[PDB]
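Heads up, the thing below is written out as structure tokens.
Throughout, residue positions are numbered sequentially from 1 according to the sequence presented. Below, each value reflects all heavy atoms present in this structure, side chains not excepted, and no hydrogens, waters or symmetry copies.
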Amino acid sequence: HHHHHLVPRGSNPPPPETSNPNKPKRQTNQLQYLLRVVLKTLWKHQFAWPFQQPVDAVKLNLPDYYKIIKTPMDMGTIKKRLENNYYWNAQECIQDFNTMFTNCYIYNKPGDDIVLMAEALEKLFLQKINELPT
Ligand SMILES: COc1cc2onc(C)c2cc1NS(=O)(=O)c1cc(Cl)ccc1OC
């Protein structure tokens with residue numbers, strides 16, 4: 001038979017939402033710090049680039065990525081969520097960072113370049129978290 005299954009093709013899933021009008025939201029001092037200090041310091045770091053947007057499994061040739069990672073998260077999404085006042089509290093935002101880092105550790109192996117990057121970003125994150133306003 002002449003159907004060789006060359007189509008349909010793969011794709012990336014839809015990215016995480018950055019807007020949800022019926023979601024409860026608040027501005028808090030802790031969230032303002034998470035944007036101004038935590039996100040902005042990580043964003044400019046030389047290790048930020050793999051984490052500045054959703055994993056593009058097509059471009060990066062990671063066809064297994066979304067078979068393994070079912071709760072994707074990235075700093076581009078977190079930045080948009082902070083700019084859009086999406087969060088109710090600091091915990092919701094911190095959980096997004098934790099998810100991002102954990103996804104990287106799940107998908108990859110200790111000592112991989114991308115894991116070294118995530119570990120360094122996570123160390124910085126945890127340092128900035130320890131100065132969160134009370
Ligand atoms: C192995 O390639 C990757 C693994 C990943 O886990 N999480 C992300 C995001 C991620 C991205 C890639 N691909 S990559 O081109 O960004 C890449 C980054 C680094 Cl620091 C090292 C290798 C590499 O691709 C081979």
Side-chain angles (χ1 to χ4, degrees):
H1 197 206
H2 305 310
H3 194 345
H4 295 186
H5 310 255
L6 297 169
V7 280
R9 311 293 297 176
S11 53
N12 290 310
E17 68 181 15
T18 56
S19 274
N20 179 343
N22 283 313
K23 185 184 174 298
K25 298 164 192 89
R26 290 191 305 193
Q27 296 179 52
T28 73
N29 284 344
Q30 297 182 332
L31 285 164
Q32 287 178 27
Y33 177 94
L34 281 160
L35 182 51
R36 294 193 236 275
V37 174
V38 181
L39 185 285
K40 251 84 199 214
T41 64
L42 296 181
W43 190 268
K44 301 177 204 284
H45 194 283
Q46 66 165 342
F47 293 169
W49 61 271
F51 306 101
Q52 286 170 334
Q53 58 287 311
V55 171
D56 186 337
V58 177
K59 180 187 170 171
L60 304 175
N61 207 17
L62 306 172
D64 59 352
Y65 187 84
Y66 294 109
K67 305 305 182 204
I68 297 161
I69 301 300
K70 305 304 195 183
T71 304
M73 186 54 55
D74 65 282
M75 291 201 298
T77 297
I78 296 167
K79 181 170 187 278
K80 284 269 182 56
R81 285 176 176 195
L82 289 164
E83 291 164 353
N84 290 354
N85 301 307
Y86 179 85
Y87 298 114
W88 177 263
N89 59 25
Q91 193 280 319
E92 295 183 337
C93 175
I94 290 167
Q95 185 170 152
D96 285 345
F97 279 100
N98 296 336
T99 301
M100 182 183 78
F101 293 125
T102 290
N103 291 342
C104 187
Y105 307 143
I106 290 168
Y107 179 73
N108 301 284
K109 293 179 186 293
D112 286 349
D113 277 342
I114 191 75
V115 170
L116 301 177
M117 288 199 185
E119 286 170 347
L121 292 174
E122 186 166 43
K123 166 184 168 188
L124 262 77
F125 174 71
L126 293 172
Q127 282 178 34
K128 303 278 91 153
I129 289 284
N130 275 327
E131 253 42 54
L132 195 69
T134 281

Checklist entry - If you take all heavy atoms of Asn84 and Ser19, which pair is closest and at what distance? => result ND2-OG, 3.5 Å
Checklist entry - Hey, what do you get for NZ (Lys40) to CG (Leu82), rounding to the nearest 0.5 Å? => result 8.5 Å
Checklist entry - Between CD of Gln95 and OG1 of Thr102, what distance do you get to the nearest 0.5 Å? => result 10.0 Å
Checklist entry - Are any of the side-chain heavy atoms of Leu34 and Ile129 separated by less than 4.5 Å? => result yes
Item to check | Set of side chain to side chain donor-acceptor pair (under 3.5 Å) partners for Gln127, sequence neighbours left out | outcome: none
Run the side-chain donor-acceptor check on residues 45-59: report pairs under 3.5 Å with partners two or more places apart or on a different chain.
| residue | atom | partner | partner atom | Å |
| --- | --- | --- | --- | --- |
| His45 | ND1 | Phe47 | N | 3.0 |
| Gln52 | NE2 | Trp43 | O | 3.0 |
| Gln53 | NE2 | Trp49 | O | 2.9 |
| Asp56 | OD1 | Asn12 | ND2 | 2.9 |
| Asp56 | OD1 | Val58 | N | 3.2 |
| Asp56 | OD1 | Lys59 | N | 2.9 |

Item to check | By side chain to side chain donor-acceptor pair (under 3.5 Å) - contacts of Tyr105 (at least two apart) | outcome: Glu122
Checklist outcome for this item: Taking every heavy atom of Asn103 against every heavy atom of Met73, the minimum-distance pair comes out as ND2-N, 3.6 Å
Next on the checklist: Centroid separation under 6.0 Å, is that true for the rings of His5 and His3?
Outcome noted: yes
Checklist entry - Is any side-chain heavy atom of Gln30 less than 4.5 Å from a side-chain heavy atom of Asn89? => result no
Item to check | Side-chain ion pair, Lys79 and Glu83, N-O less than 4.0 Å | outcome: yes
Next on the checklist: Starting from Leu35, can I reach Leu132 by hopping between I/L/V/M/F/W/Y residues whose side chains sit under 4.5 Å apart?
Outcome noted: yes
Checklist entry - Should the heavy atoms of other residues, nucleotides or ligands under 6.0 Å from NZ of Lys80 be counted, would the total exceed 12? => result no
Item to check | Within residues 55-89 or reaching into it, pairs that qualify as ring-ring contact (aromatic ring centres under 6.0 Å, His included) - sequence neighbours excluded | outcome: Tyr65-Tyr107
Checklist entry - Could you go step by step and tell me if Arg81 and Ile78 meet the side-chain contact (heavy atoms from CB on, under 4.5 Å) rule? => result CA-CA 5 Å; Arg81 285 176 176 195; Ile78 296 167; 5.5 Å; no
Checklist outcome for this item: Residues passing the side chain to side chain donor-acceptor pair (under 3.5 Å) test with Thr77, sequence neighbours excluded, are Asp74
Item to check | Minimum heavy-atom distance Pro16-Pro72, with the two atoms named | outcome: CG-O, 3.7 Å
Next on the checklist: Which heavy atom of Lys70 sits nearest to which heavy atom of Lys67, and what is that distance?
Outcome noted: CE-O, 3.4 Å
Checklist outcome for this item: Heavy-atom nearest pair, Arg26 first then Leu31, reads O-CD1, 3.4 Å
Checklist entry - Is the closest side-chain heavy-atom distance between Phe97 and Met75 below 4.5 Å? => result yes
Next on the checklist: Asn98: which residues meet the side-chain contact (heavy atoms from CB on, under 4.5 Å) condition with it, sequence neighbours left out?
Outcome noted: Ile94, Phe125
Checklist entry - CG/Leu42 to CG/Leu124 distance, rounded to the nearest 0.5 angstrom? => result 6.0 Å
